[PDB]
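Asker: Here you go, one structure.
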Amino acid sequence: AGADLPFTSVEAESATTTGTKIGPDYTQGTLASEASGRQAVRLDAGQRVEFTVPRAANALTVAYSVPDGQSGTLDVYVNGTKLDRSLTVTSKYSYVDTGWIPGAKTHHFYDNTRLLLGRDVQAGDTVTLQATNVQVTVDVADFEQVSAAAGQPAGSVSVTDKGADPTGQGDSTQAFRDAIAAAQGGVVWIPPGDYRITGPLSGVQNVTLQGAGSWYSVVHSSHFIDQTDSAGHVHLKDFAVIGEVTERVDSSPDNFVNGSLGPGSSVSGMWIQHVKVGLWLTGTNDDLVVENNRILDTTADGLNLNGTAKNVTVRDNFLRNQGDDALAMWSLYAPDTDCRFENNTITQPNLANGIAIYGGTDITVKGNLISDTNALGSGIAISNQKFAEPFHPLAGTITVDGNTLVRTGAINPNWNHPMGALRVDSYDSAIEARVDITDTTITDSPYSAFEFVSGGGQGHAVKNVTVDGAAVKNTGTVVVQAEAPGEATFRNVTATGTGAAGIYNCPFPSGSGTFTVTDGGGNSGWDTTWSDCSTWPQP
Ligand SMILES: [Ca+2]
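Read in order, the letters of the sequence shown are residues 53 to 591 in the authors' numbering.
Here's what the structure looks like:
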């Protein structure tokens with residue numbers, strides 16, 4: 053499961069250090085709770101963490117936190133020799149409050165900082181991070197092989213020929229606009245450099261915007277593309293869009309893409325960071341492919357298909373440190389139809405879900421690796437929670453296949469009751485789609501594995517659900533947390549290390565009916581039921 057990625061992560065807590073390990077802790081609002089693996093290494097200015105390089109690499113991304121209000125640098129050594137550049141570390145993009153979200157606490161403590169090494173280290177080499185001028189809590193480091201900067205394709209129109217400033221001083225918005233107009237049906241080239249784009253660009257259609265690689269062609273914008281419609285055939289490729297967003301303003305489109313890329317479009321090879329939402333997509337995006345991107349450090353969702361999406365594929369992306377659902381489909385206005393989230397890797401959404409499907413028709417969630425979620429969500433949520441109107445509830449077949457969910461689920465502070473790793477939630481209406489949950493690996497869940505709930509207390513049925521094939525290991529409470537009326541069939545679910553019981557079956561509200569668990573065969577390790585519905589299984 054997960055994205056096919058040209059990098060390998062090494063947890064700081066698995067490296068050799070003179071600092072202090074923090075965690076594990078799942079408690080909402082703690083520094084350790086937002087760390088990958090629930091653990092990190094605090095480095096005083098004393099102290100270093102020495103990583104053994106896991107693979108050939110020439111680039112480094114580090115997830116870290118520094119105290120709010122402070123900033124500094126983190127030195128890098130390779131084989132005991134100090135590199136001549138350091139990582140910039142700051143709290144500027146961290147420590148986000150969302151008081152309007154009930155139950156949310158201050159969050160978003162970490163950030164990601166990157167550096168080309170100027171060297172190509174190899175497996176067995178040592179990369180050491182040394183704190184010098186600020187206390188740095190290091191979570192995890194990614195070791196990547198980044199290709200050399202690509203050359204300009206023949207016939208493309210360079211933004212610098214239209215007046216763009218690759219030193220990042222002047223505003224390049226008009227130059228990009230002029231290049232797009234001059235390269236209709238063709239390619240706009242973004243040479244290596246830093247480009248300030250106050251933005252937004254609109255009328256982006258019939259054009260490829262291509263950089264030399266997301267480590268070389270860097271756009272600095274907090275409002276890059278914003279348009280309600282487009283003729284489509286837009287291809288965004290191989291550049292970075294890095295904003296300066298430090299808060300979540302729901303009414304402000306402080307996003308990389310806001311609106312419509314039109315039909316037949318694609319987004320690939322991008323590095324998207326320090327925005328509110330990476331891609332807030334509405335309207336016509338038929339057949340859009342969003343693939344092989346990194347979306348890091350966003351104060352809200354990584355990507356949301358907010359209605360009308362048709363045959364959109366989001367695949368092979370890496371998402372870390374989103375401020376809400378990392379990937380979401382919200383079928384307002386018109387159903388998202390035949391869309392798929394496939395083979396993505398998601399870690400540490402600060403609140404809410406790894407993947408959330410709210411309504412929609414014939415949706416696939418396949419092959420994703422989702423780790424370390426927090427209060428207010430699940431690893432995967434398949435949901436009829438509407439939030440607003442006009443909403444289109446789940447319809448057709450929802451295919452949830454081949455996903456791996458690691459340390460997902462959390463106590464919701466609004467109930468003091470937990471959300472499970474994977475939930476089906478008949479929040480505002482009964483499940484009228486078929487929901488097929490197959491070949492799921494659920495590992496080290498702090499609470500329950502599978503949850504079936506009508507989360508608003510309205511008593512709508514969770515039904516038409518089949519769970520077929522699962523490897524469930526080290527579940528804190530129950531394999532099945534059944535709190536909605538309805539029915540589901542379970543086959544081929546193998547559980548080990550279940551903390552409390554196989555099944556908790558206690559539907560609410562009283563008066564809304566029973567939930568029938570059908571044992572379809574092949575199940576093992578969870579053949580017990582929690583005896584007392586008036587109590588809660590504890591981890
Ligand atoms: Ca960690």
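Virtual Cβ for every residue (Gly too), placed ideally from N, Cα, C.
Is the beta carbon of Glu63 less than 8 Å from the beta carbon of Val192?
Answerer: Counting from one through the sequence shown, the residue named residue 63 turns up at place 11. Counting from one through the sequence shown, the residue named residue 192 turns up at place 140. A contact, by the Cβ cut-off of 8 Å.
Asker: When you compare only the Cα positions, how much space is there between residue 593 and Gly577?
Answerer: The first residue shown for the chain is 53 and the last is 591, placing residue 593 beyond what the model contains.
Asker: State the start and end residues of the unbroken beta strand (DSSP E) segment that holds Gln182.
Answerer: By one-based count along the sequence shown, residue 182 stands at place 130. Taken as a continuous stretch (DSSP letters only), the beta strand (DSSP E) holding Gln182 covers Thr178 to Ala183.
Asker: I think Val531 touches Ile555, with their Cβ atoms under 8 Å apart; what is that distance to the nearest whole Å?
Answerer: By one-based count along the sequence shown, residue 531 stands at place 479. By one-based count along the sequence shown, residue 555 stands at place 503. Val531 to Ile555, Cβ: 7 Å. Contact.
Asker: Please look up how many angstroms separate the CB atoms of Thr334 and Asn358, rounded, as I've assumed it's under 8 Å.
Answerer: For the purposes of this step, residue 334 is identified with residue 282 of the sequence shown, where counting begins at 1. For the purposes of this step, residue 358 is identified with residue 306 of the sequence shown, where counting begins at 1. Yes, they are in contact, since the Cβ atoms of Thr334 and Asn358 sit about 5 Å apart, within 8 Å.
Asker: Any chance the segment 412-429 sits against the segment 445-465, with 3 or more Cβ pairs inside 8 Å?
Answerer: Verdict: yes, contact present.
Asker: Could you please give the first and the last residue of the uninterrupted alpha helix (DSSP H) stretch that includes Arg137?
Answerer: By 1-based counting over the sequence shown, the position of residue 137 is 85. Segment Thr133 to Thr142 is the beta strand (DSSP E) holding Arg137; no alpha helix (DSSP H) there.
Asker: Give me, in chain order, the residues of the same chain whose beta-carbon lies closer than 8 Å to that of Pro119; leave out the 5 immediate sequence neighbours on both sides.
Answerer: Position 67 of the sequence shown, counted from the start, is the residue given in the question as residue 119. Here the set comprises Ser143, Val186 and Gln187.
Asker: Can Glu63 be considered in contact with ligand 1, in the sense that its beta carbon sits closer than 7 Å to one or more heavy atoms?
Answerer: As a first step, residue 63 must be located in the sequence shown, where it is residue number 11. Yes, the beta carbon of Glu63 sits closer than 7 Å to at least one heavy atom of ligand 1.
Asker: Please state whether DSSP places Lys73 in a helix, a strand or coil.
Answerer: The residue you call residue 73 lines up with position 21 of the sequence shown. It is a strand residue.
Asker: Taking the C-alpha atoms as reference points, what is the distance between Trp582 and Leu261?
Answerer: If you number the sequence shown from 1, residue 582 lands on position 530. If you number the sequence shown from 1, residue 261 lands on position 209. So the two alpha carbons sit approximately 57 Å from each other.
Asker: Taking the alpha helix (DSSP H) that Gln226 belongs to, which residues open and close that run?
Answerer: The sequence position of residue 226 within the sequence shown is 174, counting from 1. Unbroken alpha helix (DSSP H) run through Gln226: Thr225 to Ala234.
Asker: What span of residues does the beta strand (DSSP E) with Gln80 cover, start to end?
Answerer: Counting from 1 along the sequence shown, the entry for residue 80 is found at position 28. Where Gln80 is concerned, there is no enclosing beta strand (DSSP E), given that its DSSP letter is neither H nor E.
Asker: Exposed or buried, what is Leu168 when buried is set at 16 or more other beta-carbons lying within 10 Å of its beta-carbon?
Answerer: Within the sequence shown, the letter at position 116 stands for residue 168. By the neighbour-count rule (16 or more Cβ atoms within 10 Å), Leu168 is not buried but exposed.
Asker: List the endpoints of the continuous beta strand (DSSP E) containing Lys515.
Answerer: Taking the sequence shown and counting its residues from 1, one reaches residue 515 at position 463. Per DSSP, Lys515 belongs to the beta strand (DSSP E) from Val514 to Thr527.
Asker: Can we say the segment 206-219 touches the segment 230-248, given the rule of at least three CB pairs closer than 8 Å?
Answerer: Touching, yes, given that three or more Cβ pairs across the two stretches are closer than 8 Å.
Asker: Considering just the uninterrupted stretch of the beta strand (DSSP E) at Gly549, what are its terminal residues?
Answerer: For this step, residue 549 is matched to residue 497 along the sequence shown. Element bounds for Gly549: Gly538 to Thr550.
Asker: Where are the beta strand (DSSP E) runs, 3 residues long or more, that stay fully inside the segment 83-124, in chain order?
Answerer: Taking only runs of at least 3 residues, the beta strand (DSSP E) segments lying wholly in the segment 83-124 are 92-95, 100-104 and 109-117.
Asker: Provide the residue(s) that pair with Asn464 in DSSP beta bridges, ordered along the chain.
Answerer: Taking the sequence shown and counting its residues from 1, the one referred to as residue 464 is at position 412. Answer is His469, bridged to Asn464.
Asker: Extract the residue ranges of the beta strand (DSSP E) inside the segment 364-444, only unbroken runs of 3 or more that lie entirely within it.
Answerer: If we require 3 residues or more, the beta strand (DSSP E) runs fully inside the segment 364-444 come out as 365-367, 370-374, 379-382, 392-394, 397-399, 407-410, 413-418, 421-423 and 432-435.
Asker: Tell me whether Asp149 is buried or exposed, calling it buried when 16 or more other Cβ atoms sit within 10 Å of its Cβ.
Answerer: Along the sequence shown, one-based indexing puts residue 149 at 97. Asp149 comes out exposed.
Asker: Where do the N-terminal and C-terminal ends of the beta strand (DSSP E) with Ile153 fall, by residue?
Answerer: One-based indexing of the sequence shown puts residue 153 at position 101. Counting along the chain, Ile153 falls outside any beta strand (DSSP E), and DSSP gives it neither H nor E.
Asker: Taking 7 Å as the line, does the beta carbon of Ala87 fall inside it for any heavy atom of ligand 1?
Answerer: On the sequence shown, position 35 is the one that residue 87 refers to. Yes, the beta carbon of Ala87 sits closer than 7 Å to at least one heavy atom of ligand 1.
Asker: Quick check: does the Cβ of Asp77 come within less than 7 Å of any heavy atom belonging to ligand 1?
Answerer: Mapped onto the sequence shown, residue 77 falls at position 25. Not so, every heavy atom of ligand 1 lies at least 7 Å from the Cβ.
Asker: Identify which residue in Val259, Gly132 and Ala201 has its Cα closest to the Cα of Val270.
Answerer: Within the sequence shown, the letter at position 218 stands for residue 270. Out of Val259, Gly132 and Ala201, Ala201 has the C-alpha closest to the C-alpha of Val270.
Asker: Going by DSSP, what residues sit across from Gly238 in a beta bridge?
Answerer: Start at 1 with the first residue of the sequence shown, and residue 238 comes out as number 186. Answer is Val259, bridged to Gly238.
Asker: With a threshold of 7 Å, establish whether the CB of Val179 neighbours any heavy atom of ligand 1.
Answerer: Here residue 179 is taken as the residue at index 127 of the sequence shown, counted from 1. Result no, Cβ not under 7 Å from ligand 1.
Asker: Quick one: grab the DSSP three-state call for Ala553.
Answerer: Reading the sequence shown from its first residue, position 501 is the one you call residue 553. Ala553: strand per DSSP, three-state reduction.
Asker: With which residues is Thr451 paired in a DSSP beta bridge?
Answerer: The residue labelled residue 451 in the question sits at position 399 within the sequence shown. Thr451 pairs with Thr416 and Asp488.
Asker: Looking at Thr416 and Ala386, is the spacing between their C-beta atoms short of 8 Å?
Answerer: In the sequence shown, residue 386 corresponds to position 334, counting from 1. In the sequence shown, residue 416 corresponds to position 364, counting from 1. No, they are not a contact pair.
Asker: Of the residues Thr451, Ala485, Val329 and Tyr499, which one's Cα is nearest the Cα of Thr492?
Answerer: Residue 492 sits at position 440 when you count from the first residue of the sequence shown. It is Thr451.
Asker: Please go through the same chain and pick out, in chain order, the residues whose beta-carbon is closer than 6 Å to the beta-carbon of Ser564, but skip the five residues on each side of it.
Answerer: In the sequence shown, the residue the question calls residue 564 occupies position 512. Here the set comprises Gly511 and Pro537.
Asker: Ligand 1 and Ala193: does the residue's C-beta get closer than 7 Å to at least one heavy atom of that ligand?
Answerer: Here residue 193 refers to the residue found at position 141 of the sequence shown. Result no, Cβ not under 7 Å from ligand 1.
Asker: With a 10 Å radius around its C-beta and 16 neighbouring C-beta atoms as the bar for buried, classify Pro561 as buried or exposed.
Answerer: Translated into the one-based positions of the sequence shown, residue 561 becomes position 509. Looking at its Cβ environment, which holds fewer than 16 other Cβ atoms inside 10 Å, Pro561 is exposed.
Asker: Enumerate in chain order the residues of its own chain whose CB-to-CB distance from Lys418 is below 8 Å, with the five nearest sequence positions on each side excluded.
Answerer: Stepping through the sequence shown from its first residue, residue 418 is reached at position 366. Excluding positions up to five away in sequence, the list reads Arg392, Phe393, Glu394, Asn395, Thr451, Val452, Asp453, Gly454 and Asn455.
Asker: Can you give me the Cβ contacts of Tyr479 inside the same chain, cut-off strictly under 7 Å, excluding the 5 residues immediately before and after it?
Answerer: Counting from 1 along the sequence shown, the entry for residue 479 is found at position 427. If we look at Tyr479 and ignore the five residues flanking it on each side, its Cβ neighbours are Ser435, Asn436, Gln437, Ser506, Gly507 and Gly508.
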